[PDB]
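coordinates only, no sequence provided:
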RNA sequence: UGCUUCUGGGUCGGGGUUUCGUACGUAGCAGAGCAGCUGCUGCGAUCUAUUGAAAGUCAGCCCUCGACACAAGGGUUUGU
RNA sequence: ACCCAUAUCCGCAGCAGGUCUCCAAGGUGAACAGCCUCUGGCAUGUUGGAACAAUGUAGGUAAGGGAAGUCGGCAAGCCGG
Ligand SMILES: [Mg+2]
Ligand SMILES: [Mg+2]
Ligand SMILES: [Mg+2]
Ligand SMILES: [Mg+2]
Ligand SMILES: [Mg+2]
Ligand SMILES: [Mg+2]
Ligand SMILES: [Mg+2]
Ligand SMILES: [Mg+2]
Ligand SMILES: [Mg+2]
Ligand SMILES: [Mg+2]
Ligand SMILES: [Mg+2]
Ligand SMILES: [Mg+2]
Ligand SMILES: [Mg+2]
């Protein structure tokens, strides 16, 4: 119930539509963080450098439309916080986004 | 009986329309449009089937350097017909027609639109192809 | 000195309070005048602007060049669900003003009308009309209501009816229904109040109010455009390129010796979101909505006597930013004020309308139902499939 | 440190400027 | 903590720029207390800091 | 109503749509949209462009 | 404007519509020709089939009742 | 020793100003013209976060007319190897 690892496909285009060229990929990171805070109610969201490279693979202007994210709520390690649990955000390499559901994978 | 509806206008004061008859004139500089009241900073413009004041810029010396009355037949600006078609032409064309309505030339090159043909009967009689 | 070349004024003094309107629903400022010779009927209605399409019809006017020709005209689709009557109100006539006397609500009032009395429906305990609905199943409350109606028989002059829209059948996101007063103009006060009590807690469709080829008035709020400049709002002449301090501005406000700026000076401010009342709109067709009998549903709303097709007025892929029209609708000449999903007031004509253009009987030929979302080129799904053929996905 | 001196006179409104000139 | 001194000294030992000096992100405290070229050569022999290869520029 | 076909494409032009174009010699053409208008004004062959109807009638699709 | 009548918003996916114009790969005694081996094997822009194909499609477009979790919460105030 | 210049000099200063010289790749190309990249260097030049209202500044595009605007083809655009 608390330790839940599960898959999602984020459509970056419907959140990135509207912003200018030098402010597309950091805004995409910000809406991925807001998406993680939206599904999982944890303010402590730590996104992975592999997903950083996956968003910033093309450039700052051309951002990929759909992306595949393993979202995992985890119990907090030492250096304790008032936030009781955190959320790790991981990239999953998927070739084509045709009929990809939000698959709830098991540990 | 049947009055002329409004159409789109795209030939203000300054346009040189080509003269589509066998008089000898090549160009017609529009100097003013007959039948416009006017308003501050508005150029008088003539569409299809408009009585206009023209001047032969180049052509025969008997036609140059004097004011003629003209009727604008063809325009390039797309204008809306009443049945719902936007018929537009290749060039901007007019003929020299006196104050009563009789033409000066005999034949008319190019097609004459029916908005001009219903208004001017003597131009429609000399025209072979209509619209 | 004087102005050299005199010019007409940019703007109108009749509309100069160009502020954002407080009310969002179009309020009727003046209803049509009553007469006891005419029977009782509703004089207003509250629709919702769905979309826009073409029309094809024959023009019957003697003398014109356009006589017996197939013109096209812009029409507005207004989805008009039948409204629920949930109360009445009487009006006494005072020398100070036409004052509301006593408002009598209904017993069973739907939750769509319950949404209007609350600003926040989630935190509210849904406890409205609870002590008021107890007056309809007791002996003393019925006597008090009969005394109220018997006073309204005597002293009331104008009787308006309270009707709210049916938002559940509408495809909009909101569920809060709009309420509206509609003045009934007809016979005497007693017969009018008896007919209103008979129509209490009832549906009111559109064909009982309006008819074919009737000139109506459209009340509505302008599409909002925000804070705009004076060139964008008042449509003034632009200053040339060489101006240092801006060119899409007003150069001169006024004279020296008047030490103030006049009220007629075109300034920069609010453009859009204005309450307006346009007159003389012509109804071409009051279309029936979706109805189900003998299993399959009947949806041929765009079918005319000359088209003989099964298509509806819903275009390919639905209307742009509105949804699909399932309810009964009306179709007006020209364009009406307001954007998509905007509430829109219909009203009967104030002026006694007897004109040759206004008394024309419209016979429809073809209704364009193509995809307005983009450059559409097909009328219906089966025609598109018959033209394209078997696809890769099929 | 250095005490910022009296603001240097900028010969403006005089005669060489054609921005402001009255009646001549 | 502070590794710009060790990066400048490692660039001076490896005779290149500090762009190609790859410091170890895991063993930060073992590099931070070197403070001398003789210890940085020991870090070279241990392999904690590595000369980055040249970014390729194709001629094909 | 007279549903006339498109000159460049071959699509069914309805009277609510279209932009009709008449040249100086005659031969009044009908056009569905500005795509076909720009293609005819740039003088492209309808038998070579794939999405037209003449390409299908030529290559038997 | 919405925020538990097993009911509702939202995410994803699917259709509907629409924009551009026929995707990568594979096959071709299609291809101006060129080279090597005694007809075959290589280079080759472009063409045809697969292919009105591939890509996008609400961020302010239309239906989903297909998977998913969320949604009866927190704080400030006001009396005849 | 160091700075030798959009932070170590002079300009009241970590000032878009000024200051005398050397070293001098690959492609595109006539070129040490402009663009990208390799060695080297940097965090965008006294700050950011959230929306994209009016006026602006710097960029652009406009159906038809083509200087009819204006003191004046002012500006922009056309030609461009
Ligand atoms: Mg003037
Ligand atoms: Mg005067
Ligand atoms: Mg100036
Ligand atoms: Mg559209
Ligand atoms: Mg030295
Ligand atoms: Mg600096
Ligand atoms: Mg910057
Ligand atoms: Mg910075
Ligand atoms: Mg232009
Ligand atoms: Mg042009
Ligand atoms: Mg001039
Ligand atoms: Mg002048
Ligand atoms: Mg110049």
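Thanks, I have it. Residues are numbered from 1 along each chain as shown, chains lettered A, B, ... in the order given. Ligands and ions are numbered 1, 2, ... in the order given.

what segments of chain F are helices?
Assignment of helices within chain F using DSSP state H yields the ranges F:34-41, F:53-59.

can you tell me which of those is packed in deepest?
Compared across these, helix F:34-41 shows the largest average neighbour count, a mean of 15 (mean count of other CB atoms under 10 Å in any protein chain shown). In this view, the C-beta of every residue, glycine as well, is placed from N, C-alpha and C.

okay but residue E:16 is in contact with residue E:51, surely?
Yes - taking contacts as CB atoms under 8 Å, residue E:16 lies within contact range of residue E:51: 7.0 Å.

the stretch of helix or strand residue B:70 belongs to and RNA strand H, any residue contact?
Here residue B:70, judged by DSSP states H and E, is contained in strand B:67-74. No - residues of strand B:67-74 contacting RNA strand H under CB under 7 Å from any atom of the strand: none, with a closest distance of 10.8 Å.

which element is the residue nearest to residue C:290 when sequence neighbours are not counted on?
Among residues not flanking residue C:290 along the chain, residue C:326 sits closest, at 4.7 Å (CB to CB, 6 or more residues apart in numbering or on different chains). Under DSSP H and E, no helix or strand contains residue C:326.

contacts only, for residue C:326.
By CB atoms under 8 Å, 6 or more residues apart in numbering or on different chains, the contact list for residue C:326 reads C:169, C:171, C:289-290.

make TSV from the helices of chain F and add distance to residue C:306 to it.
Shown next, in TSV, are these (distance: least, CB to CB, whole Å):
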stretch	distance to residue C:306
helix F:34-41	29
helix F:53-59	27
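
closest one to residue B:127 among these?
Checking these against residue B:127 by CB to CB gives helix F:34-41 as the closest, at 25.1 Å.

got the contact list for that closest one?
With contact meaning CB under 8 Å, 6+ apart, helix F:34-41 is reached by F:6-9, F:19, F:21, F:29, F:31, F:49.

does that helix come close to RNA strand H?
No - Helix F:34-41 does not reach RNA strand H (CB under 7 Å from any atom of the strand); its nearest approach is 9.3 Å.

which one among the contacts of helix F:34-41 gets closest to RNA strand G?
Checking the contacts of helix F:34-41 against RNA strand G by CB to the nearest atom of the strand gives residue F:49 as the nearest, at 7.0 Å.

what about the helices in chain A?
With DSSP H as the criterion, chain A has helices at A:13-16, A:25-39, A:49-55.

so what's the closest residue to chain F within chain D up against?
At 51.7 Å from chain F, residue D:19 is the closest residue in chain D, using CB to the nearest CB. Listed by CB under 8 Å, 6+ apart, residue D:19 has no contact partners.

and residue B:59, by the same measure?
B:19, B:23-27.

may I see these organised as JSON lines, with secondary structure, neighbour count and distance to residue C:87 added?
Below are the contacts of residue B:59 laid out as JSON lines (DSSP: H, G, I helix; E, B strand; the rest coil; neighbours: other CB atoms under 10 Å in any protein chain shown; distance: CB to CB, whole Å):
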{"residue": "B:19", "secondary structure": "strand", "neighbour count": "26", "distance to residue C:87": "74"}
{"residue": "B:23", "secondary structure": "coil", "neighbour count": "18", "distance to residue C:87": "79"}
{"residue": "B:24", "secondary structure": "coil", "neighbour count": "14", "distance to residue C:87": "83"}
{"residue": "B:25", "secondary structure": "coil", "neighbour count": "27", "distance to residue C:87": "78"}
{"residue": "B:26", "secondary structure": "coil", "neighbour count": "13", "distance to residue C:87": "78"}
{"residue": "B:27", "secondary structure": "strand", "neighbour count": "16", "distance to residue C:87": "75"}
